[PDB]
Structure formats: structure tokens, C-alpha cells
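Protein chains in written order, with this note's numbering: chain C, 1 to 210; chain U, 1 to 9; chain S, 1 to 216.
Here's the structure, in C-alpha cells; my notes come after.
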């Protein structure tokens with residue numbers, strides 16, 4: 001099996017910047033490497049074939065280089081529609097793609113605004129309790145959200161969802177939802193959401209008492 | 001060879 | 001114009017069978033080998049199978065070998081993928097993709113892709129969502145849109161009159177096999193008792209429409 005790994009996994013850059021992304025094959029694929037661009041929920045688009053050949057109609061700001069095991073894709077000057085995930089693919093032995101490099105819009109660090117919502121009285125009638133913690137309009141994407149119930153760190157009973165970059169301000173928002181049985185929810189008092197982020201000089205905790 | 005050309009010639 | 005159109009995607013229970021198809025137009029379909037490629041939710045691209053231009057040589061990924069069968073009917077300009085004994089991890093958007101034909105002495109990069117067809121492998125029953133308030137100089141409020149199947153739901157605020165500052169999160173698949181999401185909006189603190197806020201939730205697949213007013 002031939003594997004191809006891309007670096008980095010996420011690249012932050014601004015319009016007009018130059019970006020070079022790399023793709024390494026686990027063994028020689030000669031020049032049988034292709035580069036594709038994919039926007040979320042869209043069909044992939046072929047950019048480069050045979051390591052350096054530009055596919056017809058692809059803008060000349062895209063160029064590819066490399067042979068053997070080391071290959072790179074360079075965008076000479078990023079345009080606004082170039083923010084996307086880029087995949088390399090080797091077609092030497094079967095077909096294997098890389099994990100993708102997400103080229104993301106850079107912006108200033110923005111700390112999240114953190115909100116906690118107790119479960120509704122309506123939902124508690126039904127047998128399950130959902131506690132929601134919201135992280136609004138933050139950058140960069142990396143953020144850690146931890147739940148504590150009566151000072152016990154929660155594990156295994158939360159799920160996160162993150163939006164795509166806001167088209168106007170390029171920030172992220174994130175929800176973390178803690179699911180408990182109403183019996184467990186009514187067994188405890190203090191519910192806290194603790195957030196760590198680059199924009200925060202020290203972690204921020206939002207909490208309520210049931 | 002799975003990587004052989006899949007098209008008519 | 002050259003075009004590839006996948007069809008057949010839908011909710012199918014685990015262990016069952018489903019036949020996808022891909023219809024081509026605008027080029028000599030019978031001259032090209034064609035691939036199936038899939039992309040699981042949130043994951044990367046995974047090659048699935050290749051068939052030659054005349055339906056002779058067929059190649060499969062180890063993850064689908066023995067369960068998936070690729071075939072084609074050139075008289076109908078159509079490609080097929082018969083999927084048997086479906087597992088949950090077969091849930092993905094499935095693409096057909098043409099060999100680019102840049103070189104006649106090797107296979108090629110994939111130049112023409114279809115839009116994809118979404119296959120959801122789940123035994124979940126169709127269910128319209130429960131809508132719960134996320135009660136509130138800026139205050140956040142929202143609606144929790146819980147336990148619905150299958151995808152999608154749409155959420156508006158104040159019947160579309162409120163769009164500034166709205167964030168509707170992508171759905172997450174809960175361990176119950178039912179989806180859940182929240183829609184939140186940041187508004188002025190000063191009008192929290194004055195300005196009415198209602199989320200309008202529409203679950204198209206279940207004929208469900210719910211309006212939930214959110215108050216302090």
C-alpha cells in the first residue's frame with residue numbers, strides 16, 4: 001500500500017499571500033501525483049496532474065513540483081475563492097489520497113464570548129437533560145471545552161459542533177452539548193463550562209446552579 | 001496492473 | 001456539456017443492499033474508464049472502485065471488496081455500484097469520476113466529477129425534532145433542535161426577519177442514531193423583555209414545522 005501524507009493539516013493565510021503545501025508518498029510514485037481542490041460539500045476539482053502539469057482551464061497561479069516521494073503545490077498569490085481544502089492523490093499503485101490541507105482565512109486573534117444554557121423545563125419533562133455551552137465568534141479555531149458537574153470533570157457525554165468561517169468576519173463559533181438523564185441532572189448542583197483559547201489569558205468558566 | 005490506462009484506444 | 005450525474009442515494013438500513021447509478025452525457029461514455037469515490041461525513045476522499053471502458057477490468061478497494069460490485073451499461077451511458085451488506089461506515093457521499101485520459105500509456109487523474117449522491121446507512125425511523133429554548137450589552141439566545149431523522153432541518157428567526165448575528169450549527173449524529181443541533185443568535189440586552197424572538201424550525205422529511213418563542 002502506498003500512503004500519501006500532506007503537511008500542514010491547516011494553513012492560515014490572507015488574500016495575496018503565497019502558500020506552498022507539501023505531500024509525501026511512503027514510497028516512490030514516480031510522477032503519478034495529482035492535486036485536487038474541494039470546497040465544502042462540492043465535487044473535487046482537478047488542479048494538477050503528473051506532478052507539475054496544469055489541468056486545462058485552471059488558473060496559472062497554481063503550480064506543482066516534485067518527483068519520487070516529495071511533492072508540493074504552490075499558489076503564487078491567493079485569491080478569495082482559493083480558500084478550500086486541497087488533496088493530493090498518487091495514481092502509481094491503486095489510488096490513495098492525502099488527508100487534505102485546509103487553506104483558511106487568517107485574521108486577528110479573537111477570544112470567544114462564552115455562554116451557558118441550562119436545560120429547558122420542557123425537555124426535563126421528557127427524561128433527558130441537555131446543557132449547552134456556546135463559544136461565539138472566536139479565532140483561531142483551536143479551543144478546549146471541558147464540562148464540570150459538582151467539580152467532576154465530565155467525559156464521554158458531550159458532543160461539539162463548529163461552524164465554518166463566518167463569511168464576513170472569518171471567525172468560528174462552537175457549541176458543546178452535555179447530555180444527562182434527568183435523574184443524573186437533578187442529582188447535582190453546579191454545572192460549569194470551562195473554555196481555554198489563545199485569546200484568553202486564562203481559562204474562562206461560565207456556570208449556573210440548578 | 002490496476003493502474004493501466006481504463007480507456008479505449 | 002460534459003456531465004456526470006449520480007443517483008440512488010438515500011437512507012438504507014445496515015445489512016441491506018442498494019444500487020447506485022451514474023449517468024453520463026456530453027462525451028463518449030463508452031470510451032472512458034470510470035471510478036467510484038466516496039467521502040464520509042467530515043473525512044477525506046476514499047477511492048472505491050474502477051471499471052474499464054468496456055466493463056472488462058474491475059478494481060476495488062479492500063474496504064469494499066466482496067460487498068460492492070461495479071458494472072456499466074454503455075447502451076444507457078450509465079455506471080452502477082451495487083452495494084451489499086451495507087455497514088454504518090459506508091455512510092458517505094458517493095462520486096463517479098472519469099479517467100482524465102491525459103496519457104494513453106497509464107491511468108490518469110480524475111478530471112470530470114459528478115455532484116455526488118449521499119448514502120446514509122441507518123436503521124433510524126423518520127422523526128420530526130423537539131424544539132427547546134436556549135433562554136437568554138449583548139445577550140445570546142437560541143433553540144435546541146433535538147432528536148430528528150433524517151437530515152436536514154432549516155431554522156429561521158422571526159420568520160426570516162432576523163438574520164444578523166445568527167449561527168446555526170451543523171447537525172451532530174447522537175449515539176441514539178438521531179441528529180441534533182442548536183441555532184443561536186446574539187441580540188441587544190436592552191430589548192430582551194420587549195423584542196419577541198421565535199425560531200421557526202422546518203423538518204422537511206417529517207412534515208414538521210415548529211415555532212418556539214424564546215424568553216428570559
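Built from N, CA and C at the ideal position, the CB exists for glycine as well.
Residue 3 of chain U belongs to the set of residues whose beta carbon lies under 8 Å from a beta carbon in chain C. Rounded to whole angstroms, the Cβ separation of residue 33 of chain C and residue 90 of chain C is 5 Å, and the two are in contact under 8 Å. Neighbours of residue 179 of chain S across chain C, judged by C-beta separation under 8 Å, do not exist; the nearest C-beta is about 11 Å away.
The segment 61–112 of chain C contains, as complete beta strand (DSSP E) runs of 3+ residues, the segments 62–67, 70–75, 84–90 and 101–105 (chain order). One thing to note: residue 86 of chain S has its Cβ within 8 Å of the Cβ of residue 121 of chain S. Annotated as proximal: residue 20 of chain S and residue 80 of chain S, with beta-carbon spacing under 8 Å.
With a threshold of 8 Å between beta carbons, residue 104 of chain S makes contact with chain U.
Residue state for residue 185 of chain C is assigned as helix, using DSSP reduced to three classes. Counting the other CB atoms within 10 Å of its CB gives residue 208 of chain C a total below 16, which places it among the exposed residues. Boundaries around residue 99 of chain S are those of the beta strand (DSSP E), 92–99, since no alpha helix (DSSP H) includes it. Between residue 18 of chain C and residue 76 of chain C, the C-beta gap is smaller than 8 Å, which places the two residues in contact. Taking residue 190 of chain S as the centre and dropping the five residues before and after it, the same chain places the C-beta of 137 closer than 8 Å to its C-beta, in chain order. Using a CB distance cut-off of 8 Å, residue 130 of chain C does not count as an interface residue toward chain U. Assignment of residue 27 of chain S by DSSP, reduced to helix, strand and coil, places it in the coil class.
Per DSSP, residue 192 of chain S lies in no beta strand (DSSP E) and is assigned neither H nor E. Going by DSSP, residue 7 of chain C is part of no alpha helix (DSSP H) but of the beta strand (DSSP E) stretching over 4–7.
Here DSSP, grouped into helix, strand and coil, assigns residue 74 of chain S to helix.
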